[PDB]
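*Asks:* Residue numbers (our numbering): 49 to 255.
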């Protein structure tokens, strides 16, 4: 499957693409404002994620740091990024279907559109100003809006027992982005696509 990753942000992001134990394609790249990065994702990729990283410094060997979504200090991500990270999430060719969503379960750094470029289903979007409106106790100093599980490390916010409810913090992300996961047992906002759909992830889709 092709993912086009477009930075529509006025600022540079460092796109990242990972399935948690491995890079997807090159796994990361600098996107200046308006730049597009096409990646190939293997069919049958389960638990794939795309995210932006903000304020990166990388030396000549691709080693450094980001204020949001840093994955062990690499330009080319093999691992998931550090919260806060708006997540484009996908499972491809799962019994003849693609599953896509946006998640705020690991917080929010960069507004995001995740859409098919092929026919047969709809995109999802989390484009609200979640960082500007972010509750005082979730504000990451680096930039972005932590989820309550990253900040407080409770069984309720992390949904550790597999039982828990919505919270004041999950309802803040859900109110600004109804079409994204706000907590682990949120009513699913997963869109079903045809197996072998292609996608665009757009950072800052409206701004």
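Just so you know, even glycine gets a beta-carbon here, dropped at the ideal spot from N, CA and C.
May I have a chain-ordered list of the beta strand (DSSP E) segments no shorter than 3 residues that lie completely inside the stretch 130-207?
*Replies:* Correct list: 135-142, 145-151, 160-164 and 172-174.
*Asks:* Can you give the beta carbon distance from residue 251 to residue 55, rounded, assuming they're within the 8 Å contact cut?
*Replies:* The pair is a contact, with the Cβ atoms about 5 Å apart (cut-off 8 Å).
*Asks:* Count the other CB atoms, across all protein chains shown, that sit within 10 Å of the CB of residue 91; report buried if there are 16 or more and exposed otherwise.
*Replies:* Residue 91 is exposed by the Cβ-count criterion.
*Asks:* Could you tell me which residues DSSP puts in a beta bridge with residue 97?
*Replies:* According to DSSP, which records beta bridges pairwise, residue 97 is partnered with 66 and 137.
*Asks:* Could you check which residue in 108, 101, 128 and 123 has the C-alpha nearest to that of residue 116?
*Replies:* It is 101 whose Cα lies nearest to the Cα of residue 116.
*Asks:* By the 10 Å Cβ neighbour count, where 16 or more other Cβ atoms means buried, how is residue 192 classified, buried or exposed?
*Replies:* Buried: at least 16 other Cβ atoms inside 10 Å.
*Asks:* Evaluate contact between the stretch 111-129 and the stretch 167-181, counting only Cβ atoms and requiring at least three cross-stretch pairs below 8 Å.
*Replies:* At 8 Å Cβ cutoff, the stretches do not touch.
*Asks:* When the distance is taken between beta carbons, is residue 78 closer than 8 Å to residue 62?
*Replies:* In this structure, residue 78 lies closer than 8 Å to residue 62 by Cβ.
*Asks:* I need the boundaries of the alpha helix (DSSP H) containing residue 217, first residue and last residue.
*Replies:* That run of the alpha helix (DSSP H) goes 216-224.
*Asks:* Taking residue 84 as part of the beta strand (DSSP E), name the residues at either end of that continuous run.
*Replies:* Residue 84 -> beta strand (DSSP E) spans 84-88.
*Asks:* Per DSSP, what are the beta-bridge partners of residue 105 in this structure?
*Replies:* Its beta-bridge partners are 113.
*Asks:* By the three-class DSSP mapping on this structure, what secondary structure does residue 79 have?
*Replies:* Residue 79: strand per DSSP, three-state reduction.
*Asks:* How about residue 119 and residue 64: do their beta carbons lie closer than 8 Å?
*Replies:* Contact: yes.
*Asks:* With H, G and I counted as helix, E and B as strand and the rest as coil, what does DSSP make of residue 250?
*Replies:* The answer is strand: DSSP assigns residue 250 an E or B state.
*Asks:* Tell me which residue opens and which closes the beta strand (DSSP E) that residue 241 is part of.
*Replies:* From DSSP, the beta strand (DSSP E) with residue 241 extends over 239-242.
*Asks:* Does residue 50 come out as helix, strand or coil in the three-state DSSP assignment?
*Replies:* Correct three-state label for residue 50: strand.
*Asks:* With a 10 Å radius around its C-beta and 16 neighbouring C-beta atoms as the bar for buried, classify residue 224 as buried or exposed.
*Replies:* With 16 or more Cβ atoms within 10 Å of its Cβ, residue 224 is classed as buried.
*Asks:* Just checking my contact of residue 161 with residue 173 at CB under 8 Å: how many whole Å lie between their CB atoms?
*Replies:* Going by Cβ atoms, the distance from residue 161 to residue 173 rounds to 5 Å, so yes, they are a contact pair.
*Asks:* Are the Cβ atoms of residue 146 and residue 68 separated by less than 8 Å?
*Replies:* No.
*Asks:* Determine whether the beta carbon atoms of residue 97 and residue 52 lie at a separation below 8 Å.
*Replies:* Contact flag unset, no.
*Asks:* Can you say whether residue 230 is buried or exposed, counting buried as having 16 or more other CB atoms within 10 angstroms of its CB?
*Replies:* Residue 230 should be labelled buried.
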